[PDB]
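There is one chain below, alone, in structure tokens, taken in the form deposited in one PDB entry.
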């Protein structure tokens, strides 16, 4: 596409996009153009408004475009074109990506006792309500645990809420602990999209 400002908008929160260069109050010669999941190619929005788009996006007295509640379908490109009283044309170009922060991740069904030298199911971590999906990762004493490595196996699962489209992630961690290691290791789970959300650590005990 063209040079744009990248906007990240939270699902459910309002979004205001400025039409740069426009008159501060009506009358204004401006046009908004948007191409999102709600549109078949470009849709033109006028200051006069009207029609179904009035429940979704309206042009404000100052010429900004306002979306009361951003949803998944508003991902896309939003463009404004305006004229001054002087006569200069100004263009504004936005790449809108939407997001939702899931709830705090949770470790469920954790093991109390690992046996060094064999593979062990450590636990299952669950994140609910993210958009885009994101990923779950595991940590040992603060160091990141890399899958397909030192007897570390991770399996993951993504599910979509049938109506909101928000993702629920489930991650299963299996380790083979090393004979002669920390007999009380600390495992955590973190969600990464924005900062990271970490779980409460689990501290199982190992046969050495």
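Numbering follows the first chain given and starts at 1.
One more form of this protein exists, namely the form solved in complex with a small molecule; it is left out here, but the text below deals with it.
- When contacts are judged by a 4.5 Å heavy atom cut-off, residue 126 does not count as touching the small molecule in the bound PDB entry.
- Contact annotation for residue 29: at least one heavy atom lies within 4.5 Å of the small molecule in the bound PDB entry.
- A residue is said to contact a partner when one of its heavy atoms sits within 4.5 Å of a partner heavy atom; residue 107 fails this definition for the small molecule in the bound PDB entry, lying far away.
- Residue 81 belongs to the set of residues with a heavy atom inside 4.5 Å of the small molecule in the bound PDB entry.
- Considering the small molecule in the bound PDB entry, the lone stretch of 99 to 107, 82 to 90, 133 to 141, 112 to 120 in range is 82 to 90 [heavy atom distance within 4.5 Å].
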